[PDB]
Each structure stands twice: as C-alpha cells, then as structure tokens.
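This is what each chain is made of:
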Amino acid sequence: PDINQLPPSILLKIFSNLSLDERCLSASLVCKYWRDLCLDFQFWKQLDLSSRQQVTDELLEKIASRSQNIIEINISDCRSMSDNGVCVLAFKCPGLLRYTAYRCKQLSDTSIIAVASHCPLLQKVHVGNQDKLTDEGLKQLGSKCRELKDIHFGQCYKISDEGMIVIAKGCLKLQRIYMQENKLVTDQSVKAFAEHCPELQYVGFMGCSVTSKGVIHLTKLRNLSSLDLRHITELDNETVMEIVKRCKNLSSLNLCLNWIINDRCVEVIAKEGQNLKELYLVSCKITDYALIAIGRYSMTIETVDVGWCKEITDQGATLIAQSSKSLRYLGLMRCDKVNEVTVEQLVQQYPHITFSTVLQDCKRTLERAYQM
Amino acid sequence: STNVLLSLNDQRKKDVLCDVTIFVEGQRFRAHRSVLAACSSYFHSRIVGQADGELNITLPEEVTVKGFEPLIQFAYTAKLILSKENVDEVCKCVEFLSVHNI
Amino acid sequence: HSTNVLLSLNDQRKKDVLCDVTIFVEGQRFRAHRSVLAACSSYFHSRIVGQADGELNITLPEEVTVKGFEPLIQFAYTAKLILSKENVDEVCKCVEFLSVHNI
C-alpha cells in the first residue's frame, strides 16, 4: 500500500486538510515529494498571517518572492514588520483582492500608498484601528485604483472630509460601508454620493456625526437591505416609514441607544413587518405596552432581544413564549423585575432553549470549555 | 450562582476560554461574552449584534486605563474596592467612565 | 510618611484608648479622635470646633445608617472600602455627602 501512487490531485486534496503549521512543520520533512507537494500557488494564495507577532519582520521577502497570485493578504494584529517590510511586498502585489490589516498601529499612510498604486484591482480594504492614517493617502487610493468594492475605516480620526468625497466621486462599485466613532465627519459628503450606486445593502455609521439631511434623501434608492444607524442625530421618522412601506426587501434594523426616537416606531413596526428577522433594543425606554401588539399582530418572528429593561410583564412574556411556534431566543440579562418560575420551569418545559441567565450560563460554559 | 460566579472568575484569571477582548491603549483584557453584557449597557450594545466566536472592542480615549483596571474585577466579583487617589472619574456609582451614559 | 501617623492613630483607636470623640448611634458607641473626624466630615467639624471640652458626645440623624457608617470611618482612616451590591444606594454620592450635605 503506497500513498505516493495516488495522483497529485488526491495528495493535494489530502494536504489541504492540514493547517499551515502542520504543513510547514511536519509534512515538509517526511520526504522530497511531500515537501515539493506542500509548496504551490494553491497553498500560497491565501496567506492569513494574522497575529503571528514578532516572527514576520523581514520574512515577507520570501513569502512573496516567486509567488505570483497572492490575493488574500491578512496581516491583522501585526506588531513586527515596518513600512519597508510591507512596501517590499506591495511593489509586486499581482492581483491582490482582499488586503486586511486590523490594529496594526506601526503601519502608516506609506503602506496605503504602496498598496494603492501597484494593484489596480481590489475588492476589500478592511483596515482597522490603525491610527496616524491621514487622508492624503486615501485620495490617491481613490484616484489610482478605482476598482475597490468594500471599505472599513473604523477608529481612524483622520478621515474627516476629503476621504469620503474622494472615494465617492471616482469609485462607484462599493457595496458595503462601515464606520466607527470618527469625528469631524460633515454631512456635505454623502448627499452628493447618494444617486450614483443604489446597490448598497449594508450601511453602518455608528458613533458618527452624520446629520439627517442625507437620511431624508434616502427615499430615492429602493435596494437597501441592512441598517446600522446606532446613535444617529435625529433621523426622520417619515423616511423610515416610507422605506419600510415601499422597500419590502429589508434585512436588519438596529437603531440602538437612540433616545429622541419614540415608542411610535416600534408600535407601528408590527403593523406590516413580516420579513423582519431580528431586533436589537438594548436599554430602550419602552413603556411595556407594545408587547401586546408584537404578540397579537405579529406572527412571523424568530429573534427578540430584551436589553436593560427596568420594567417588564412576566405574564406577557409567558404568553408570548407559547404564542409563537419557534420564537425561542430569550437572552435575558440583568432583568431585576423577574420571578423565579420561568427560569425554573421553562428550562425543562422547553428543552429547545439555551437562555442567558447568570445562574445557568456558568456551568454550561465550563462544561463546553472542558469538552472542547 | 455564587460559586458559578467564582468559577467564571477563575476561568477569567486563567487566560483560557475568553470570548470578548477589550482593547484599551494596546492593553487587552480578555473576558467572557455574558458577563460584560451583565455589566455595562454600552458593551452589550456592541456585542449582541454579532454572533461571531471571536470579538473585538475598543473604548474612547477619554476612558483612563488606571480607572479601567479595577472595573473588570468589579464586574467579575461584584465587589467594591476603592482608593482616595482614584475616585473622581468613577463619581456616579454607575461608574461614569468618561462619556458614558448607560 | 504621615500615612504612618494615620495607621498608628488607627491602631490606637482600635484599642478603646486615646480616643477623644465618641459617636453614638441608637446606643452603639464608636470611639475615635478629635482632629481626624474634623478633617473628614463637614457635619462633624460644625459640632466639634465650637467646644474645648474633655469628652465629646456627637449623635447622628437617622438619615445616616450604621451599615454604611462603619466603612465611612475606615475610608476616612485608611482610604480603603469593602462593599457589595446590596448596600450601595444610601452611599451613592461619591463626594461622601450623605450627611446634609449641601456644599
């Protein structure tokens, strides 16, 4: 029984089921043939070198020296290489697609400049908590490589005004957007960029200073899917009504931590909402009155999230527990206004619920950690 | 339960089986998913929207690391320990870490 | 350091000797000194500085509770507190307060 008589396709399919550590540490010393098999464009076009700390500083010269089709560079949580060690790889970058580097503070705008001018093809630029990332490099990023299709620019307080307009006039193929607590973001950069590409599905502007003057004009596009407008500045209610009445295709709506937003929106969200799938209402000031409407007038619901609710109706929660057919997602936390019956009876009455109470999710977590 | 709280506490102070990772000034606390949900509504805002196995959170530059360190032990032990040098930034008993309206 | 002075005074206090100012709460007597309570709680300096007597007897309103009261003196002395979640509200002022306490 010789394993090396198998065709190379089968041997590569076998070797693809080993991690990079296993492949480069054990299977590369067995013999010449296995070492030559564990070195390909197959295994070296999806790098994913995240959190390899102080081991890859000048080594990036060899990973991309003869390799021709790196497309999935991932150096997230890097703390070893410098601008030189990333620009040397950035010089070639043949058809890079999904550059990703989170929390790599030592990287600066020089790396962005190196990666943005040597590959006119890109699909994902999901950079992260890198500070000192000024807006001069993103200008040329939008000017030279106008093929990028997805950005992520959280926690970079240097993207104030020029960046959005510069990758809004040239680039048009963007699909997803995500932003974080980035100050100095003006409203006069998104209103113009609201008529070119209406194919956006995911929108996230958490902790940002976008005024509702651009949210009002969102009625134009009718293809939006997911919303992440958390802590937003007084978005228009009638615009939300129109987008939920006309756009039947709507996936997610978070709207958490908003205080000027009133009870009317959640009162009316059960009037016609049939395809709504989850709701994240944490620390909401609900007046424990929409539960009757959300139980009686809603028949299609599977995810419900109760946050820091000071008051609640145990009878209503019990009624809605059996009112639905599959709505079992009670992740209760810090609910002081609770009895000791539901947490004692519904655990065994419904053996298809996980729950989230403190008394239960302490032994289960230890048990699942010990098993795996 | 109480012994459940202590067991979770030790498992936190094992650096093993930690879900949520708090990133403040390069320093990284490693704690669970459920407990920080019980602690401060600000965090449970940023967790429950994801079912990802590994999570990451950053905090505003306003929240200080010196006052941040005792808070984790607060959350894990439900215990109060204080010194006269470090009070003003925690002066609401809703612990008022800078921004920080729950 | 003067904290050595504070700790020495604390240990002397925790012998029921060399104690100068006596606090009375529904019968319980808690002994302490003259200078330190003047430095700690502004309600106390009011009733103290106006006399030069020997033995003092200061009573506290029902508004101040014993259960929070024992750690108050401890935090006055050594700036360290012990407290759990059940007894918090009658102490939630973070500038001590708790006494009158319009400053």
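Along each chain, numbering proceeds from 1 in written sequence order. Entry numbering may differ, and residues lacking coordinates are not shown. The lettering of chains begins at A and the numbering of ligands begins at 1, in the order of writing. Note that the chains on view sit within a larger assembly, with every value limited to the chains on view. Each side-chain value is derived from all of the structure's non-hydrogen atoms; neither hydrogens nor water enter the calculation. Residues with missing side-chain atoms are left out of burial classes, side-chain pairs and their counts.

Structure determination for this PDB entry is given in the record as cryo-EM, at a resolution of 4.6 Å.

K.L.:
Explain the overall build of chain A to me, using residue names and the numbers behind them.
P.N.:
Secondary structure elements are taken from DSSP: a helix is a run of H or I of four residues or more, a strand is a run of E of two residues or more, and numbering for both begins at the N terminus. Looking only at helices and strands, chain A has 15 helices and 4 strands in total. Considered along the principal axes of its C-alpha atoms, chain A spans approximately 70 × 60 × 35 Å.

K.L.:
An account of the interface of chain B and chain C is requested, with residue identities and associated values reported.
P.N.:
Reports of interface size often rely on the accessible area that becomes lost once the parts have come together. Residues count as neighbours in contact if any of their non-hydrogen atoms are within 4.5 Å of one another. Contacts between the two partners involve 11 residues from chain B and, on the opposite side, 13 residues from chain C. By convention, the term buried area covers the 1.4 Å-probe accessible surface removed from two parts as they join, with the contributions of both added. Both faces considered, chain B and chain C share a buried interface measuring about 910 Å² in area, 73% of it formed by carbon and sulfur atoms. In the sections that follow, a salt bridge refers to a side-chain nitrogen of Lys or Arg positioned within 4 Å of a carboxyl oxygen of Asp or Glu. Where chain B packs against chain C, one counts 0 salt bridges. Any pair of nitrogen or oxygen atoms within 3.5 Å is treated as a polar contact; in protein, a donor-acceptor pairing is required on top of that, and neighbouring residues in sequence qualify only through side-chain atoms on both sides. Counting every contact that joins chain B to chain C gives 2 residue pairs in polar contact. Residues were grouped as follows: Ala, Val, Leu, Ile, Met, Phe, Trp, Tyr, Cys and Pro as nonpolar; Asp, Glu, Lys and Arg as charged; and all remaining residues, including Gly, as polar. Looking at the side of chain B that touches chain C residue by residue, the classes come out as 7 nonpolar, 1 polar and 3 charged.

K.L.:
Which residues make up the arrangement of the chains, and what values go with them?
P.N.:
No other pair among the 2 pairs of chains in contact exceeds the contact count of chains A and B. Taking C-alpha atoms as the reference, chain A and chain C come no closer than 13 Å and do not contact one another.

K.L.:
Account for the interface of chain B and chain A, with residues named and values stated.
P.N.:
Every contact between the two is made by 25 residues of chain B and, on the other side, 26 residues of chain A. For the side of chain B that touches chain A, the elements supplying multiple residues, two or more each, are helix 1 (2-12), helix 2 (34-39) and helix 3 (41-47) of chain B. Here the side of chain B that touches chain A takes 5 residues from helix 1 of chain B, the largest share from any one element. Its residues placed into classes, the side of chain B that touches chain A shows 12 nonpolar, 12 polar and 1 charged.

K.L.:
Describe the state of the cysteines, listing the residues and the values that go with them.
P.N.:
Residues and elements named next belong to chain A. Pairs of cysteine sulfur atoms within 2.5 Å are identified as disulfides in what follows. Counting across every chain of the model gives 3 disulfides over all chains. Paired through a disulfide, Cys78 and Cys104 show a sulfur-sulfur distance of 2.0 Å. With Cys78 in the loop between helix 4 (60-63) and helix 5 (83-92) and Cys104 in the loop between helix 5 and helix 6 (109-117), this pair connects stretches of sequence that are 26 residues apart. The class of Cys78 is buried, set by a relative accessible area of 6%. For every residue, the accessible area (1.4 Å probe, protein chains only) is compared with the maximum for its type, and the residue is labelled buried under 20%, exposed over 50%, or partly exposed between those bounds.

K.L.:
Got a sec to walk through the packing of helix 1 of chain B against helix 4 (residues 65-77) of chain B? Specific residues and values, please.
P.N.:
Residue and element names in this part refer to chain B. At a minimum axis distance of 9 Å, the contact between helix 1 and helix 4 shows a crossing angle of 145°. The residues of helix 4 that touch helix 1, namely those facing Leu5, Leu8, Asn9 and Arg12, are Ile72, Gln73, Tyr76 and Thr77. Considering only residue class, the contact of helix 1 with helix 4 consists of 4 nonpolar, 3 polar and 1 charged. Angular values range over 0 to 180 degrees, each being the angle between N-to-C directions of two axes fitted as lines to C-alpha atoms, with helices fitted over their stretch in contact.

K.L.:
For the packing of helix 10 (residues 237-246) of chain A against helix 11 (residues 264-272) of chain A, give the residues involved together with the corresponding values.
P.N.:
Residue and element names in this part refer to chain A. In contact at an axis separation of 11 Å, helix 10 and helix 11 are set at 15° when each is read in the N-to-C sense. The angle between helix 10 and helix 11 falls in the class roughly parallel. For helix 10 against helix 11, the interelement crossing comes out right-handed. Where helix 10 approaches helix 11, its residues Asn237, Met241, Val244 and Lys245 are matched on the opposing element by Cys265, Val268, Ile269 and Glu272. Here the contact of helix 10 with helix 11 is built from residues that sort into 5 nonpolar, 1 polar and 2 charged. Between 65 and 115 degrees an angle is taken as roughly perpendicular, under 35 as roughly parallel, over 145 as roughly antiparallel, and anywhere else as oblique. By convention the crossing between two helices is left-handed if the near helix lies anticlockwise of the far one by an angle smaller than a right angle, and right-handed if it lies clockwise.

K.L.:
Can you break down a nonpolar patch on the surface residue by residue, with the values?
P.N.:
Distance thresholds for patches are 9 Å for like charges and 5 Å for nonpolar side chains (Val, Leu, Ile, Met, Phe, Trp, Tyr), applied to residues having over 30% relative accessible area and no salt bridge. The protein chains shown are the only cover counted for residues, whose accessible areas, like all others here, come from Shrake-Rupley with a 1.4 Å probe. Where nonpolar side chains cluster on the molecular surface, the patch consists of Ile3, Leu6, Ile10 and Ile14 of chain A and spans about 280 Å² of accessible area. Inspection of the secondary structure puts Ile3 of chain A in the segment before helix 1 (8-15).

K.L.:
Tell me about the sheet that holds strand 2 (residues 28-32) of chain C, and please be specific about residues and values.
P.N.:
Residue and element names in this part refer to chain C. Read across the open sheet, the 3 strands follow the order 2-1-3; overall the sheet is mixed. Unpaired on one side and paired on the other, strand 2 and strand 3 (56-59) mark the two borders of the sheet. If you compare each strand with its neighbour and ignore which way they point, the axes differ by 30° on average. Here the rule is simple: two strands pair whenever DSSP picks up at least two bridges between them. One ladder, built from 4 bridges, connects strand 1 (residues 21-25) with strand 3; its direction is parallel. Bridge pairing in strand 3 places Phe24 opposite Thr59. Each of strand 1 and strand 3 touches helix 3 (residues 42-49); the most contacted strand, strand 3, lies at about 140° to it.

K.L.:
Requested: an account of the packing of aromatic side chains, with residues and values cited.
P.N.:
Any two rings among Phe, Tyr and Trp, with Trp reduced to its six-membered ring, count as a pair given centres within 6.5 Å; such a pair is stacked if its planes are under 30 degrees apart, edge-to-face if over 60, and tilted if neither. Per the stated rule, a full pass over the model turns up 3 aromatic pairs over all chains. Ring centres 5.2 Å apart and planes at 80° place the aromatic pair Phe29 of chain B and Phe68 of chain B in the edge-to-face group. On the criterion of sequence distance, the pair formed by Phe29 of chain B in strand 2 (residues 27-31) and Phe68 of chain B in helix 4 is long-range, its members being 39 residues apart. Between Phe30 of chain C and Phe69 of chain C, the aromatic rings sit 6.0 Å apart at their centres with planes inclined by 80°, giving edge-to-face as the arrangement. In this pair, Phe30 of chain C is assigned in strand 2 and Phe69 of chain C in helix 4 (residues 66-78), connecting sequence segments 39 residues apart. Either the NZ atom of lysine or the CZ atom of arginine qualifies as a charge over a ring when it sits within 6 Å of the ring centre and within 35 degrees of the ring normal. A cation over an aromatic ring shows up here: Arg23 of chain A above the ring of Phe43 of chain A, its NZ or CZ 4.3 Å from the ring centre.

K.L.:
Explain the pairing of strand 1 (residues 20-24) of chain B residue by residue, including any values.
P.N.:
Residue and element names in this part refer to chain B. For strand 1, a buried count of 5 out of 5 residues is recorded, marking the element as mostly surrounded by other parts of the structure. Side-chain alternation along strand 1 places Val20, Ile22 and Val24 on one buried face and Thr21 and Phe23 on a second face that is also buried. Connecting the antiparallel pair strand 1 and strand 2 is a turn made up of 2 residues, with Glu25 showing a positive phi of about 50°. Looking at chain direction, strand 1 and strand 3 (residues 57-58) are connected through 2 bridges and run parallel. In the sheet register, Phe23 faces strand 3, and the bridge partner there is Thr58.

K.L.:
For the pattern of salt bridges, give the residues involved together with the corresponding values.
P.N.:
Under the criterion given, the structure shown has 7 salt bridges over all chains. For the salt bridge of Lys220 of chain A with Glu195 of chain A, the shortest nitrogen-to-oxygen distance reads 3.5 Å. In this pair, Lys220 of chain A is assigned in the loop between helix 9 (212-215) and strand 2 (226-228) and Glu195 of chain A in the loop between helix 8 (162-169) and strand 1 (202-204), connecting sequence segments 25 residues apart. Judged by its relative accessible area of 52%, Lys220 of chain A falls in the exposed class. A salt bridge links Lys66 of chain B to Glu89 of chain B; the nearest nitrogen and oxygen atoms lie 2.8 Å apart. Here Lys66 of chain B, found in helix 4, pairs with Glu89 of chain B, found in the segment after helix 4; they are 23 residues apart in sequence, far enough to count as distant. A residue is classified by how much of its surface remains accessible, and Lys66 of chain B, at 42% relative accessible area, is partly exposed.

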